[PDB]
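There are 4 protein chains.
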Amino acid sequence: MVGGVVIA
Amino acid sequence: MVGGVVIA
Amino acid sequence: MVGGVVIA
Amino acid sequence: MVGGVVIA
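Line by line, the protein sequences give chains A, U, D and R. Just so you know, we're using our numbering here: the first sequence kicks off at 3 and counts up by one. Just so you know, we're using our numbering here: the second sequence kicks off at 3 and counts up by one. Just so you know, we're using our numbering here: the third sequence kicks off at 3 and counts up by one. Just so you know, we're using our numbering here: the fourth sequence kicks off at 3 and counts up by one.
See below:
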């Protein structure tokens with residue numbers, strides 16, 4: 003699993 | 003700005 | 003699991 | 003301004 007999140 | 007990332 | 007929240 | 007982030 004590779005995963006990523008942003009709130010900008 | 004909030005970020006995060008994983009493996010795995 | 004990867005989660006993120008902003009209030010602003 | 004309130005932010006939060008997690009794994010996992």
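C-beta: ideal position from N, C-alpha, C; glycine also.
Can you tell me whether DSSP reads residue i as helix, strand or coil?
i: D/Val4; result: coil
i: R/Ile9; result: coil
So, is the C-beta of residue i closer than 8 Å to a C-beta in chain U?
i: R/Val7; result: yes
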